[PDB]
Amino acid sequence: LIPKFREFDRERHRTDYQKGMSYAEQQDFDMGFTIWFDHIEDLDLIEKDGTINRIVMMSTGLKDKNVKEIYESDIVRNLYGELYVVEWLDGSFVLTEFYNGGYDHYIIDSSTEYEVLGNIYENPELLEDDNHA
């Protein structure tokens, strides 16, 4: 049942009282499990066939230096001051340079040597070369 999930909903994020990012609760039952988020608000994501193309991110299973679980699409800083985006890529989580490299490095459970600073959905200012906004 394993990885933890979170969902970002851009309409929830616009709305003041609602939280754009929802951390799931998992519920086990006799024929599987359910990953529960806040109610969807970006309704254009709901297809005719019932499939919903919600923006979902999985946990790496790794903790940062502040014992925060590191997730897919987190922005993290290493001990040397370098920033990366956590990405799922061909069977592994990798750290993607964005300053102007596009190089990927397999995430190194040296994980406690990283700090989560935010994420690409909530904190896009962090992706700006001259720092934030």
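Counting begins at 1, following the sequence as shown.
Peer 1: Which is higher on mean Cα B factor in this entry, 42-50 or 61-69?
Peer 2: Looking at the record's C-alpha B-factors, the answer is 42-50.
Peer 1: Mean CA B-factor: is it higher for 100-108 or for 74-82?
Peer 2: Mean CA B-factor is higher for 100-108.
Peer 1: Of the options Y121, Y114, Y17, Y23, which has the highest CA B factor as deposited?
Peer 2: By C-alpha B-factor in the record, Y17 ranks first.
Peer 1: Determine, from the deposited record, the chain-internal third of the Cα B-factor for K4: lowest, middle or highest.
Peer 2: Middle third of the chain for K4's C-alpha B-factor.
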